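Undergrad: Handing over data.pdb, PDB, C-alpha atoms.
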MODEL        1
ATOM      1  CA  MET W 116     122.598 108.450  81.016  1.00  0.00           C
ATOM      2  CA  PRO W 117     120.353 110.533  83.470  1.00  0.00           C
ATOM      3  CA  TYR W 118     117.925 113.499  83.573  1.00  0.00           C
ATOM      4  CA  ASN W 119     115.560 114.075  86.457  1.00  0.00           C
ATOM      5  CA  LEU W 120     112.001 115.319  85.923  1.00  0.00           C
ATOM      6  CA  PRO W 121     110.828 116.807  89.236  1.00  0.00           C
ATOM      7  CA  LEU W 122     107.224 116.056  90.176  1.00  0.00           C
ATOM      8  CA  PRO W 123     106.136 118.797  92.627  1.00  0.00           C
ATOM      9  CA  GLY W 124     103.302 117.504  94.783  1.00  0.00           C
ATOM     10  CA  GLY W 125     104.279 114.006  93.765  1.00  0.00           C
ATOM     11  CA  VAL W 126     102.474 111.528  91.553  1.00  0.00           C
ATOM     12  CA  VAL W 127      98.676 111.862  91.517  1.00  0.00           C
ATOM     13  CA  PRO W 128      95.842 110.188  89.572  1.00  0.00           C
ATOM     14  CA  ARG W 129      95.133 111.775  86.172  1.00  0.00           C
ATOM     15  CA  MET W 130      98.757 112.879  85.815  1.00  0.00           C
ATOM     16  CA  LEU W 131      99.949 112.216  82.261  1.00  0.00           C
ATOM     17  CA  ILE W 132     103.716 112.205  81.735  1.00  0.00           C
ATOM     18  CA  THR W 133     105.147 112.361  78.225  1.00  0.00           C
ATOM     19  CA  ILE W 134     108.720 111.518  77.234  1.00  0.00           C
ATOM     20  CA  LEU W 135     109.800 112.222  73.649  1.00  0.00           C
ATOM     21  CA  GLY W 136     113.161 111.320  72.177  1.00  0.00           C
ATOM     22  CA  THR W 137     115.110 109.112  69.798  1.00  0.00           C
ATOM     23  CA  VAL W 138     116.750 105.794  70.594  1.00  0.00           C
ATOM     24  CA  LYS W 139     120.501 105.915  70.006  1.00  0.00           C
ATOM     25  CA  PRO W 140     122.125 103.647  67.423  1.00  0.00           C
ATOM     26  CA  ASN W 141     123.120 100.257  68.846  1.00  0.00           C
ATOM     27  CA  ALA W 142     121.037 100.931  71.954  1.00  0.00           C
ATOM     28  CA  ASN W 143     121.283  98.480  74.841  1.00  0.00           C
ATOM     29  CA  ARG W 144     118.732  99.855  77.291  1.00  0.00           C
ATOM     30  CA  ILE W 145     116.368 102.621  78.346  1.00  0.00           C
ATOM     31  CA  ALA W 146     115.129 103.240  81.867  1.00  0.00           C
ATOM     32  CA  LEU W 147     112.441 105.327  83.541  1.00  0.00           C
ATOM     33  CA  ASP W 148     112.589 105.372  87.343  1.00  0.00           C
ATOM     34  CA  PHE W 149     109.784 106.835  89.456  1.00  0.00           C
ATOM     35  CA  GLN W 150     111.469 107.503  92.768  1.00  0.00           C
ATOM     36  CA  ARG W 151     110.211 107.722  96.348  1.00  0.00           C
ATOM     37  CA  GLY W 152     113.175 108.547  98.573  1.00  0.00           C
ATOM     38  CA  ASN W 153     115.558 105.582  98.447  1.00  0.00           C
ATOM     39  CA  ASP W 154     112.921 103.383  96.819  1.00  0.00           C
ATOM     40  CA  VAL W 155     112.068 103.034  93.151  1.00  0.00           C
ATOM     41  CA  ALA W 156     108.279 102.888  92.915  1.00  0.00           C
ATOM     42  CA  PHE W 157     108.234 102.008  89.230  1.00  0.00           C
ATOM     43  CA  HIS W 158     111.189 101.003  87.068  1.00  0.00           C
ATOM     44  CA  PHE W 159     110.308 100.742  83.328  1.00  0.00           C
ATOM     45  CA  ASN W 160     113.278  99.077  81.640  1.00  0.00           C
ATOM     46  CA  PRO W 161     113.317  98.213  77.918  1.00  0.00           C
ATOM     47  CA  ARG W 162     116.261  95.881  77.241  1.00  0.00           C
ATOM     48  CA  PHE W 163     117.328  95.645  73.602  1.00  0.00           C
ATOM     49  CA  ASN W 164     119.352  92.477  73.981  1.00  0.00           C
ATOM     50  CA  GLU W 165     118.935  90.062  76.850  1.00  0.00           C
ATOM     51  CA  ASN W 166     120.265  86.756  75.522  1.00  0.00           C
ATOM     52  CA  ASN W 167     119.199  87.805  72.014  1.00  0.00           C
ATOM     53  CA  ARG W 168     115.691  88.740  73.066  1.00  0.00           C
ATOM     54  CA  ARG W 169     114.100  92.147  73.475  1.00  0.00           C
ATOM     55  CA  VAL W 170     112.109  92.561  76.656  1.00  0.00           C
ATOM     56  CA  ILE W 171     110.631  95.273  78.821  1.00  0.00           C
ATOM     57  CA  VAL W 172     111.307  94.678  82.503  1.00  0.00           C
ATOM     58  CA  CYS W 173     109.220  96.472  85.129  1.00  0.00           C
ATOM     59  CA  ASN W 174     109.893  96.262  88.847  1.00  0.00           C
ATOM     60  CA  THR W 175     110.001  98.048  92.194  1.00  0.00           C
ATOM     61  CA  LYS W 176     112.939  98.516  94.537  1.00  0.00           C
ATOM     62  CA  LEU W 177     112.252  98.629  98.268  1.00  0.00           C
ATOM     63  CA  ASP W 178     114.865  98.582 101.039  1.00  0.00           C
ATOM     64  CA  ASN W 179     117.659  98.401  98.457  1.00  0.00           C
ATOM     65  CA  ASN W 180     116.211  95.235  96.932  1.00  0.00           C
ATOM     66  CA  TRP W 181     114.463  94.624  93.634  1.00  0.00           C
ATOM     67  CA  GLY W 182     111.174  92.766  93.841  1.00  0.00           C
ATOM     68  CA  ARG W 183     109.244  90.493  91.490  1.00  0.00           C
ATOM     69  CA  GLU W 184     109.872  91.470  87.873  1.00  0.00           C
ATOM     70  CA  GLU W 185     106.973  91.878  85.467  1.00  0.00           C
ATOM     71  CA  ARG W 186     108.151  91.098  81.928  1.00  0.00           C
ATOM     72  CA  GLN W 187     106.612  92.132  78.603  1.00  0.00           C
ATOM     73  CA  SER W 188     107.804  90.848  75.215  1.00  0.00           C
ATOM     74  CA  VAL W 189     105.895  93.382  73.101  1.00  0.00           C
ATOM     75  CA  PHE W 190     108.732  95.786  72.282  1.00  0.00           C
ATOM     76  CA  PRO W 191     107.886  98.890  70.163  1.00  0.00           C
ATOM     77  CA  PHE W 192     111.313 100.556  70.415  1.00  0.00           C
ATOM     78  CA  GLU W 193     113.950 100.525  67.656  1.00  0.00           C
ATOM     79  CA  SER W 194     117.542 101.796  67.642  1.00  0.00           C
ATOM     80  CA  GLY W 195     117.850 105.118  65.840  1.00  0.00           C
ATOM     81  CA  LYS W 196     114.083 105.668  65.755  1.00  0.00           C
ATOM     82  CA  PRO W 197     112.014 108.397  67.449  1.00  0.00           C
ATOM     83  CA  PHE W 198     109.662 107.348  70.225  1.00  0.00           C
ATOM     84  CA  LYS W 199     106.977 108.685  72.525  1.00  0.00           C
ATOM     85  CA  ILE W 200     106.294 107.247  75.952  1.00  0.00           C
ATOM     86  CA  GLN W 201     103.186 108.292  77.851  1.00  0.00           C
ATOM     87  CA  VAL W 202     102.615 107.273  81.444  1.00  0.00           C
ATOM     88  CA  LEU W 203      99.123 107.873  82.783  1.00  0.00           C
ATOM     89  CA  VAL W 204      98.725 107.680  86.527  1.00  0.00           C
ATOM     90  CA  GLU W 205      95.554 105.994  87.787  1.00  0.00           C
ATOM     91  CA  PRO W 206      94.617 105.143  91.387  1.00  0.00           C
ATOM     92  CA  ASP W 207      95.533 101.482  90.927  1.00  0.00           C
ATOM     93  CA  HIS W 208      98.296 101.442  88.338  1.00  0.00           C
ATOM     94  CA  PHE W 209     100.631 103.207  85.946  1.00  0.00           C
ATOM     95  CA  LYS W 210      99.335 102.890  82.385  1.00  0.00           C
ATOM     96  CA  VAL W 211     102.042 103.068  79.720  1.00  0.00           C
ATOM     97  CA  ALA W 212     101.592 103.693  76.001  1.00  0.00           C
ATOM     98  CA  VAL W 213     104.363 103.911  73.430  1.00  0.00           C
ATOM     99  CA  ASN W 214     103.899 105.663  70.097  1.00  0.00           C
ATOM    100  CA  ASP W 215     100.185 106.172  70.824  1.00  0.00           C
ATOM    101  CA  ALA W 216      99.510 102.490  71.524  1.00  0.00           C
ATOM    102  CA  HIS W 217      98.829 100.836  74.879  1.00  0.00           C
ATOM    103  CA  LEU W 218     101.825  98.789  76.009  1.00  0.00           C
ATOM    104  CA  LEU W 219     101.394  97.736  79.613  1.00  0.00           C
ATOM    105  CA  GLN W 220      99.967  98.424  83.054  1.00  0.00           C
ATOM    106  CA  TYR W 221     101.923  98.272  86.318  1.00  0.00           C
ATOM    107  CA  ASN W 222      99.948  97.915  89.572  1.00  0.00           C
ATOM    108  CA  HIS W 223     101.089 100.219  92.361  1.00  0.00           C
ATOM    109  CA  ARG W 224     103.327  98.517  94.910  1.00  0.00           C
ATOM    110  CA  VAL W 225     104.378 101.812  96.520  1.00  0.00           C
ATOM    111  CA  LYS W 226     101.016 103.177  97.680  1.00  0.00           C
ATOM    112  CA  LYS W 227     101.777 106.728  98.827  1.00  0.00           C
ATOM    113  CA  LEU W 228     101.924 108.188  95.321  1.00  0.00           C
ATOM    114  CA  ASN W 229     102.280 111.685  96.790  1.00  0.00           C
ATOM    115  CA  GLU W 230     105.773 110.695  97.975  1.00  0.00           C
ATOM    116  CA  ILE W 231     106.988 109.791  94.467  1.00  0.00           C
ATOM    117  CA  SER W 232     108.807 113.093  93.878  1.00  0.00           C
ATOM    118  CA  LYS W 233     110.658 112.600  90.610  1.00  0.00           C
ATOM    119  CA  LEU W 234     111.124 110.583  87.454  1.00  0.00           C
ATOM    120  CA  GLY W 235     114.640 109.645  86.411  1.00  0.00           C
ATOM    121  CA  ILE W 236     115.175 109.180  82.680  1.00  0.00           C
ATOM    122  CA  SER W 237     118.259 107.293  81.547  1.00  0.00           C
ATOM    123  CA  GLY W 238     119.583 104.889  78.969  1.00  0.00           C
ATOM    124  CA  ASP W 239     120.629 104.980  75.344  1.00  0.00           C
ATOM    125  CA  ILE W 240     118.423 107.788  74.084  1.00  0.00           C
ATOM    126  CA  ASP W 241     118.630 111.381  72.909  1.00  0.00           C
ATOM    127  CA  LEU W 242     116.000 113.005  75.116  1.00  0.00           C
ATOM    128  CA  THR W 243     113.923 115.705  73.455  1.00  0.00           C
ATOM    129  CA  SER W 244     111.397 116.506  76.172  1.00  0.00           C
ATOM    130  CA  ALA W 245     109.922 115.299  79.450  1.00  0.00           C
ATOM    131  CA  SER W 246     106.778 116.948  80.758  1.00  0.00           C
ATOM    132  CA  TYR W 247     103.428 116.297  82.386  1.00  0.00           C
ATOM    133  CA  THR W 248      99.862 117.531  82.552  1.00  0.00           C
ATOM    134  CA  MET W 249      96.597 116.626  84.257  1.00  0.00           C
ATOM    135  CA  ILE W 250      93.928 115.018  82.073  1.00  0.00           C
TER     136      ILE W 250
ENDMDL
END
Just give me the structure as structure tokens.

TA:
Amino acid sequence: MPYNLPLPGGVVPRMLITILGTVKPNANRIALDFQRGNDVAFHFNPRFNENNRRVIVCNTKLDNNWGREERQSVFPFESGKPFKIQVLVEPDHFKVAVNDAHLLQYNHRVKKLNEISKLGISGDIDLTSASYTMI
């Protein structure tokens, strides 16, 4: 359920990425994957139903293996509703806000941000736009 947003020059501090769209009806998941070669530097994964609980799972994949998951229960998404995801890149973490409200922070595990060349956007959503700017 994939679209790739190329990031020429890679990820860099002050980069602000915005993803606008609408969650599909009866959604099961959404996923944003910042990729560095074969690795996934930052996986942002809202799960609409994990054992009857909503949860946002964040993680990193190195050497074909997922690491320690960071889980957040605050879940602002809703099936059939429009959403806005903003990811602000800082030197020490990815700062994520949904619908103009801070949601979570993910400390960098993959350190060479310049090598993170693209953001994969997938899941049960109708993607309107994916873009970025420098603040």

Undergrad: Report as a list in words all protein, DNA and RNA residues lying within 10 Å of residue 218 of chain W, evaluated on all atoms listed in the file, omitting residues in the same chain fewer than 5 positions from it.

TA: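 Residues near the query, excluding close chain neighbours: residues 171, 187, 188, 189, 190, 191, 200, 201, 210, 211, 212 and 213 of chain W.
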
Undergrad: May I have a table of the residues of segment 128-213 of chain W lying at most 7 Å from segment 232-242 of chain W, giving each one's closest pair of atoms and their distance in Å to one decimal, counting all atoms listed in the file, ordered by chain and ascending residue number, as CSV?

TA:
residue,atom,partner,partner_atom,distance
W:135,CA,W:242,CA,6.4
W:136,CA,W:242,CA,4.4
W:137,CA,W:241,CA,5.2
W:138,CA,W:240,CA,4.4
W:139,CA,W:240,CA,4.9
W:142,CA,W:239,CA,5.3
W:143,CA,W:239,CA,6.6
W:144,CA,W:238,CA,5.4
W:145,CA,W:238,CA,4.0
W:146,CA,W:237,CA,5.1
W:147,CA,W:236,CA,4.8
W:148,CA,W:235,CA,4.8
W:149,CA,W:234,CA,4.5
W:150,CA,W:233,CA,5.6
W:151,CA,W:232,CA,6.1

Undergrad: Could you jot down the atom CA of residue 228 of chain W to atom CA of residue 245 of chain W separation for me, Å, one decimal place?

TA: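 Spanning atom CA of residue 228 of chain W to atom CA of residue 245 of chain W is a straight-line distance of 19.1 Å.
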
Undergrad: What is the distance, in Å and to one decimal place, between atom CA of residue 219 of chain W and atom CA of residue 155 of chain W?

TA: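 Atom-to-atom, atom CA of residue 219 of chain W and atom CA of residue 155 of chain W are spaced 18.0 Å apart.
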
Undergrad: What would the selection look like, as an NGL selection string, if the PyMOL selection byres ((chain W and resi 206) around 12) were run on the coordinates I just shared?

TA: :W and (126-130 or 203-205 or 207-210 or 220-229)
